[PDB]
Structures are given as C-alpha cells and as structure tokens.
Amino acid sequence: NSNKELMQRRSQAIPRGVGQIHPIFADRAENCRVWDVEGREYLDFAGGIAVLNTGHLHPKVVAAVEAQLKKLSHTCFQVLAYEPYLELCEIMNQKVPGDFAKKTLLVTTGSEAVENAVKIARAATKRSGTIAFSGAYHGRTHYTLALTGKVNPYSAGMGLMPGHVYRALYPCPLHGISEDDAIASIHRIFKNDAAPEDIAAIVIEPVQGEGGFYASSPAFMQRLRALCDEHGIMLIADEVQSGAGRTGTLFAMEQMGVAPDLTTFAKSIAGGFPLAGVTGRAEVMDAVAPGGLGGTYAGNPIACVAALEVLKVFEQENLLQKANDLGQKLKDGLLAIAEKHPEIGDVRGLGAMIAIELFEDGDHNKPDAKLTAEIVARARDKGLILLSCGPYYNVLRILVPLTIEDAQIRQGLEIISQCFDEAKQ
C-alpha cells in the first residue's frame, strides 16, 4: 500500500545487485501517466527505458493482445509454428533497411538478439572474433557483457568476461574522439590483436543508448560499411534502443545512408511485451544449420501480435513524424533552459532520442554527475520520471512515449526547468 513498505519487502526478498532507480512501486499506467501504489501520479519520461514509444497500454496494442490471449500464448515456434511469428518476420524483413532479401529470427530479450546476431555472423563468416565500441551497451549475458564497453558494476568480483572481443573507439567530437580516430582504432585492432580474417562482425549502436545518446554520422557509418565490405566483416547494427522509431525513422540506420548486414531489435518493438529479434541478409541468416537457433519463449505469440499492432499504430498515428516534432519541441525547450544554466553544455538528438549533458562550470572535461543525479531526484519530487546515462553519469535522456500530448510536453520541460532553477540556491 505504501512505496516504502514495498521497498522494505524488496530489501529482504531481492538481492542488492538489482538496483532501483526510483524507490516507487507503480500500480497502473496509461500512455504517459503512471500511478504508484499510493495513488500518486507521475509523468513518464523514461518509458520503461525506451520500451514504450507507443505509450503504456496503447489501446490498439492491448486489444490485439487480448484477441491472441483467446487463442494461445505459447507452443514454442520450433515445435508448432504459428502465424503472428511468421507475419512479424515478413514485416521486419521489409522495414529494416536493405535492398537485399532479409530473414528474421525472433527471440525474447535484447541480450538474446545480440547474442544470436553474433552467432549468425560467426557461422556465416566462419570466424570467431568481434569488435565493439567504447561506452557501448549490449546486454548482461556473459558474452554481451564482454561486448558492452563498461565493466563496473556489471562484472564486479566476477572476473574477466569472454575474450576475443576487441574494443574500438566510438566517434564523439564533443569529447575529442574524431571519426578518423574511431576508424584508426579499428585498423589498430587488425594490426595488433586480430586480423580481419578472424573478425566475424563489428557491432555498433547507430546512436549509443546507455553510452550517452551519441549519434554516429552518416559519413562515419559509410566509412564503417566500406571497411566491413572490404574485409567480409558483418556489420551488426544494435538497434534495441535506437530502433522502433525513436530517431524519427523506424531504424536509425535509414538515416545513415547504408544498410547493416544484421540488425537487433527489441524494447519498443512490442510496446511493453517481451520480444526481440534479428533481421539481416537472408544468406547470412541461413548460415546456421537447422536446429542451431532456438529459445523456449522465442517470439511469444502475445508479444508478436503486440509488435504487429505497434507497427500499424506507427503508420496510422504518424508516430515517426510526431517523434521528430517532439524532438524539436524538446530541444527548443532545453536550449531555453540552457541559456540560464551554463552546466548544460550540450542539447542533442536525432528524432525523439533527446539528451543533455551536464558539465561542472561548462568544462567539457568535468562531467557533473552530482548535478545530474540531483536533477533526477528533484524531477521525481515533482512527479516526473527521468533517467540518466553516459559512461560518466552526466547525461540526462528523455525517452517519454511518442504518443505524449502537447500539454504534457510543456509540463515536463517546465518541471525540468524548475529543477535546474531550484538546484542553484
């Protein structure tokens, strides 16, 4: 009945390993609104971490889910197939950028998708190594933790994660890492630790999520594409977070001018239901022999119809266009707040994948994690749910549903504005 009472029960029944950003227990929600067990209402700007681009319980999505719930919820596709799985795969084959034929594998979590994307690139190229970028995030399975460019706290006390994962530098001028540096950092790997003939794939987020909402430029992605082409290396675009419309296009790669060989997706693809997948070159996808791709819950029937409905909703409700409008509105509002607060050293973002980075006295060398965390706390006190990110915990991101109403856009910014103001005195 009370948040604290539940937090106490949480401390006795659940390990501390599982962090709790907001010590609040949600009871119900709708679109951009969430009510806790105490009846307090909050404006959701986190969206279950980019999972709710269509909002909490989108009515069209729920109706689809209820219909399937009347038919069946599980059989395990590998044993007995079913249409929602097949249908979504065909739709994904069409929506993911690429003029060649694609095939889609459905799993359940983003971690699984990345895991499987890599397995596939290995079977296709008959190579074992992979390259990932600094500040990257790909999941919490041993292998994805190795791909993830961040050790603490995910691996603390555990020891070293799986080898044969090499680290390249993600391009980021704001912090002195040029596109030439990033590209140079890959050749360095080829020259020092693993030749091209041993690299199955280069995994990259078109727009890093946990890494701080940093976007790759089309130019860079084009260089990366040519580099992979030259070495028979599979380009894996991890769009688990950037995908499903966040950047203004269904997939961020559509704005890069090049197509990846494989793409992983999840989170917002099903608008609040467990589903993930991999879509890529048909022949690369088919490199794995029959029986080598599976998963009990893979492509859960309910989640499949949810995803299918999410995609219809994007089309009928013009969410991509709104995503872009929202991003502009958000960026204009934040640049306005920025004028009165030098700590805001950057307002960026493609589509609605918006973020601001805080710096101690505008020094691009002094990340202000203290201010960042304070703003998140004050925002919560004012009924607004926020999340931070970045390898230094000084980036504030906005992952509010694309279905957000205009008045709620102003409300959220006004609250953010008040937080910075009150953080002065």
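So that there is no doubt, residue numbering starts at 1 and follows the sequence shown.
- 406-414 or 11-19, whichever carries the higher mean Cα B-factor: In the deposited entry, the stretch with the higher C-alpha B-factor mean is 406-414.
- Query: Taking only the CA atoms, which stretch has the higher mean B-factor in the record, 306-314 or 125-133?
  - Reply: Higher mean C-alpha B-factor in the PDB entry: 306-314.
- Message: By the CA temperature factor listed in this entry, which of these ranks top: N300, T264, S217, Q78?
- Response: So the option with the highest C-alpha B-factor is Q78.
- Query: With respect to the C-alpha temperature factors reported in the PDB entry, which of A195, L88, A113, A338 ranks highest?
  - Reply: Checking the PDB record, the top C-alpha B-factor among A195, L88, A113, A338 is at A338.
- In terms of the chain's CA B-factor thirds, is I177 lowest, middle or highest? Highest third of the chain for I177's C-alpha B-factor.
- What third of its chain's C-alpha B-factors does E205 belong to: lowest, middle or highest? Ranked within chain, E205 CA B lands in the lowest tercile.
- By its CA B factor, does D229 count among the lowest, middle or highest third of the modelled residues in the chain? Answer is middle: the recorded C-alpha B-factor places it there.
- Query: Lowest, middle or highest third of the chain for the C-alpha temperature factor of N53?
  - Reply: Ranked within chain, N53 CA B lands in the lowest tercile.
- Third of the chain, ranked by Cα B-factor, where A282 sits: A282: CA B-factor falls in the lowest third of its chain.
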